[PDB]
Amino acid sequence: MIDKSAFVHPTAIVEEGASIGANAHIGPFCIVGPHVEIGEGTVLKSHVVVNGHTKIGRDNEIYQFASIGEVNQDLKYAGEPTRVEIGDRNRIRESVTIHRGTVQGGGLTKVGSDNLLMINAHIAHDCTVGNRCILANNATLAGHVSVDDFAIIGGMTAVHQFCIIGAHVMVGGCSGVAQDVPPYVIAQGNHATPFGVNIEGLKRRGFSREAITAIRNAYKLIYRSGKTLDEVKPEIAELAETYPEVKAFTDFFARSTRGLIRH
Amino acid sequence: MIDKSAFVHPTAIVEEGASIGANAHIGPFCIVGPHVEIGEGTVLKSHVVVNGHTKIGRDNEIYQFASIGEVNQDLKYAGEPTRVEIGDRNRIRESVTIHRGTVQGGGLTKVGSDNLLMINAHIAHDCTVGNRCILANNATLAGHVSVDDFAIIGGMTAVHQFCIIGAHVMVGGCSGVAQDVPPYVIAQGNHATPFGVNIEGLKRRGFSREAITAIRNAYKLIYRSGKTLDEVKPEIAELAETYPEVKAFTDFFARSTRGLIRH
Amino acid sequence: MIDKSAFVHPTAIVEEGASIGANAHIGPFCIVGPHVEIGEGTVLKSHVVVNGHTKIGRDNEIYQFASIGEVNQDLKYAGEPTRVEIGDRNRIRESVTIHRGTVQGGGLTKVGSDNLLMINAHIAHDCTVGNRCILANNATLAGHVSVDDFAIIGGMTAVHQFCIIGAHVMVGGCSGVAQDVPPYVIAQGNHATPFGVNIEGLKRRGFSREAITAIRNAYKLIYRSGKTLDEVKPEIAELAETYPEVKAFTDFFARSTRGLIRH
Ligand SMILES: CCCCCCCCCCC[C@@H](O)CC(=O)O[C@H]1[C@H](O)[C@@H](CO)O[C@H](OP(=O)(O)OP(=O)(O)OC[C@H]2O[C@@H](n3ccc(=O)[nH]c3=O)[C@H](O)[C@@H]2O)[C@@H]1NC(C)=O
Ligand SMILES: CCCCCCCCCCC[C@@H](O)CC(=O)O[C@H]1[C@H](O)[C@@H](CO)O[C@H](OP(=O)(O)OP(=O)(O)OC[C@H]2O[C@@H](n3ccc(=O)[nH]c3=O)[C@H](O)[C@@H]2O)[C@@H]1NC(C)=O
Ligand SMILES: CCCCCCCCCCC[C@@H](O)CC(=O)O[C@H]1[C@H](O)[C@@H](CO)O[C@H](OP(=O)(O)OP(=O)(O)OC[C@H]2O[C@@H](n3ccc(=O)[nH]c3=O)[C@H](O)[C@@H]2O)[C@@H]1NC(C)=O
Ligand SMILES: Cc1ccnc(-c2cc(C(=O)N3CCOC[C@H]3Cc3ccccc3F)[nH]n2)c1
Ligand SMILES: Cc1ccnc(-c2cc(C(=O)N3CCOC[C@H]3Cc3ccccc3F)[nH]n2)c1
Ligand SMILES: Cc1ccnc(-c2cc(C(=O)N3CCOC[C@H]3Cc3ccccc3F)[nH]n2)c1
């Protein structure tokens, strides 16, 4: 159902069954498939393809030549009716691609809210992007990658399948990420290695002096103490008893499957 | 001539003289030039530009915002009527570009069959891509590059002009290839260097234990023996007398013009 | 005003107020905003978006899926009416993006004449590109970058914000530029470092033997003498008293804000 207050350009092709919310705008030469839902106030500028079983939230801005919901590039995919979910107030720039999930990977590619996906960023099948993230130009996620809240990935950088980019991470440009990046960490290189705590990001986001200190101490446990990760996990959990921000490490360790990036 | 069983969307622009085969599908807002031939069952999803003297085989899937047959980026090119040939059952993803040849380089850009060209892959003028290859996102070939059968090139990787990517090669992501890559070799880095035989690929493709052993021994001759390439060529040819798979090296050496990638 | 000799395809959407010059060509499915000016003989092939306060010169060739004048990606930008200027005889290839300026950065993104911007090159807000430059595929400029006359940037290479790529520079592919590159210098790597004078480029462009020698001597002052930049500046200025080509260094030093790339 197309809301009576939505605008659908006469050259756009919105297939019967698509749901277009109030005050949405479907610009010229857009294609919107029959299983697409576009939330209130979302704008497709022009020349946008949205198809598949794809739900898009409110107040998104999707720029020309983006492809949202499309068949993924996993050779295992065979046409099953998988899904994309995109939240609210995202800015999805020219030529961005966001691909539907695979049955094998759980069936869902998900993007949260308030993200900035720059030109030609790629969100592969079964990726999970959180809130307030930035993918710079040509930042490329293989399948099943997690980009956690507030994480930022610099231009030309690619991430190997299943890797986790932890919350508040900053990955430099021109980098290649092959393992998991703990929350709060700066990473750079080919392959990417850790370069300390993203102190400036935490400062700007209202983390206290005490919390940043505890996070730096947890970083030192992981990377400077010389202990094994198995040894430091209970020490990090102990630290989190006083500084709850440190629990992000514990939660991340439980999800990590590829080991941590290391010097 | 447009086959009576082809579908041409009313918004597509197929110029008189284009040949569109049985059960092909030309989606919305596609442009097809008058010297284009599109084979039986091939689909142009939407927003595809195909022009030049360009022949496309059967059962291809070409995704939105791809540009096939276009004027190449070689400053030497002056508008001569050069050609593109594309085979069968390729998957050519969003924003892929495949450019026509140059007179100077032989007049022909060629792609075989059963290839997967991921988002924004670039096939420059006078390139030759074989069968069953994979170019991952943003993989970029300069002019005159050969990508031989079954070779795979990882995301963000670029290849310098005239280089050969040998059969069954695996080039990692985030790499820059400046010299020729012998068949069966894993290559990675900036600039790319060899990292052994692509054993897993050969195993999956039905190579025998004996053949893989011979290929590993030829690899050692090239890279571990410490001899010159001129010395090892007859030794590799001798080995190929028993193990025909090793002849791939001989054939490659004869085409190689840039020297081999080396540690 | 649309010149009576301009061609505007019936499927193109040229908003009232756009200025389209004599013998310009606006191809199918192009969108041209009301504050756009397109000069005599310029061609938009098809599927081109041009908007914003954007002035484009004569005899340009702009290929499909390019976005010229669009809202920039700087989170500081808030919709102010900033500008793009593009000169004459540029070749702007598929998927190139050129974004409008920011008030904070001066309000203007500028491109000169006779440039070749290859597939998916990115010109960010407030960049200044000169004349006769080449950006290869996926070459990506952050905001406020200067690319001076005749400079060339190889494929997959990105440039950090505010950096200057000096006149006649050659930056290799697969590189990441984080500081300023003096005129006449070859740069390569991640991060990019200097590799001597671009002798072949200067030779082809009519620089004299004496001028190239003086430029090589200025390069040695900067990078081989072991002196500080403050010491070498008057020595370079002294050299420029005889060889005016060396004044390019002086002019560059005055603009440089990020320090020079260094071994
Ligand atoms: C420095 C870091 C650089 C990172 C660069 C990342 C670039 C990502 C670009 C976006 C891609 C994304 O949209 C799709 C994606 O990631 O799909 C894959 C899917 O996430 C995965 C898991 O579910 O499975 C697949 O990847 P795998 O590598 O696990 O696939 P595979 O095991 O089927 O191997 C694919 C090909 O590689 C060959 N191969 C494999 C291993 C080997 O050792 N040698 C070899 O040749 C093999 O013969 C086959 O032809 C999937 N691929 C394919 C081609 O099917
Ligand atoms: C770590 C590896 C990274 C690899 C990255 C590869 C990225 C490829 C992107 C796709 C490009 C492809 O679509 C087109 C292509 O490759 O064309 C060229 C064509 O394959 C070639 C051969 O036939 O000839 C040309 O390349 P060359 O480098 O040989 O050209 P040229 O000799 O004319 O030089 C081009 C410019 O470089 C300048 N130059 C050259 C040499 C030098 O030492 N310094 C210098 O400034 C020279 O002044 C001129 O302005 C062609 N180029 C141009 C710009 O005309
Ligand atoms: C090896 C070299 C690789 C280079 C790769 C370059 C890729 C360029 C791709 C094209 C981008 C271009 O079109 C737009 C652009 O460059 O805009 C920026 C604008 O040129 C700049 C100056 O005017 O300002 C901005 O960059 P900054 O990095 O200065 O921005 P910021 O200080 O607002 O920080 C942005 C985010 O980074 C976070 N941050 C910052 C610093 C830090 O230490 N940690 C951290 O997390 C911070 O929380 C915030 O969410 C602008 N960005 C944003 C996202 O607003
Ligand atoms: C020296 C160095 C080393 C590695 N990388 C860089 C580098 C990377 C970006 C870049 O991609 N950015 C996108 C546009 O906003 C500007 C910037 C913001 C940003 C930074 C880091 C990660 C994600 C981001 F969004 N700029 N310089 C610089
Ligand atoms: C550790 C490491 C080092 C270098 N590179 C990598 C790396 C490269 C890719 C990648 O580009 N792929 C495309 C999507 O399918 C997944 C994968 C398949 C693939 C691998 C290699 C070459 C071509 C390919 F198609 N993933 N990790 C990883
Ligand atoms: C060995 C090495 C190291 C670093 N980089 C390379 C490398 C880079 C390009 C490339 O991007 N080119 C675009 C297409 O014309 C061909 C070439 C011209 C060119 C060269 C350098 C800078 C800008 C350019 F336009 N080819 N090889 C090679």
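Chain naming here is simple, since letters A, B, ... match the order of the sequence lines and numbering starts at 1 in each. Every number for a ligand or one of its atoms is a count from 1 in the order of the listing. Just so it is clear, the values below take in all heavy atoms, side chains as well, and ignore hydrogens, waters and symmetry mates.
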Worksheet item: Counting heavy atoms only, which part of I153(C) comes closer than 4.0 Å to ligand 6: side chain, backbone, both or neither?
Response: backbone

Worksheet entry | ligand 5 contacted by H191(A) (non-hydrogen, < 4.0 Å) | yes

Worksheet item: Counting heavy atoms only, which part of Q73(C) comes closer than 4.0 Å to ligand 4: side chain, backbone, both or neither?
Response: neither

Worksheet item: Where is the nearest protein heavy atom to atom 7 (C) of ligand 4: which residue, which atom, and how far?
Response: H160(C) ND1, 3.9 Å

Discussion item. Determine whether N137(C) and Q73(B) satisfy the following criterion, side-chain hydrogen bond (donor to acceptor under 3.5 Å, both in side chains), listing intermediate values before the conclusion.
Written reply: CA-CA 10 Å; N137(C) 295 39; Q73(B) 301 180 128; 2.9 Å; yes

Discussion item. Side chain, backbone, both or neither: which applies to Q161(B) and ligand 6 if a contact is any heavy-atom pair less than 4.0 Å apart?
Written reply: side chain

Worksheet item: If you measure every N/O of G173(B) against every N/O of ligand 5, is any gap under 3.5 Å?
Response: yes

Worksheet item: Can you tell me which residue and heavy atom of the protein come closest to atom 22 (C) of ligand 6, and the distance to 0.1 Å?
Response: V171(C) O, 3.1 Å

Item to complete: Might you check, step by step, whether the distance between atom 5 (N) of ligand 4 and some protein heavy atom is under 4.0 Å?
Response: yes

Discussion item. Is there a polar contact between ligand 6 and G154(C), counting only N or O atoms under 3.5 Å apart?
Written reply: no

Worksheet item: Among protein heavy atoms, which sits nearest to atom 21 (C) of ligand 4, and what does the distance come to when rounded to 0.1 Å?
Response: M170(A) CG, 3.8 Å

Practice prompt. May I ask you to identify the nearest protein heavy atom to atom 25 (F) of ligand 6, giving residue, atom name and distance to one decimal place in Å?
Written response: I134(C) CG2, 3.7 Å

Worksheet item: Which word best sums up how the rings of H168(C) and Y184(C) line up, parallel for under 30°, tilted for 30 to 60°, or perpendicular for over 60°?
Response: parallel

Worksheet item: Quick one: nearest non-hydrogen protein atom to atom 14 (C) of ligand 4, plus distance?
Response: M118(A) CE, 4.1 Å

Worksheet item: Does atom 9 (C) of ligand 6 have any protein heavy atom closer than 4.0 Å?
Response: no

Item to complete: May I ask whether atom 12 (N) of ligand 4 is less than 4.0 Å from at least one protein heavy atom?
Response: no

Fill in: Any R258(A) side-chain heavy atom under 4.5 Å of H160(A) side chain
yes

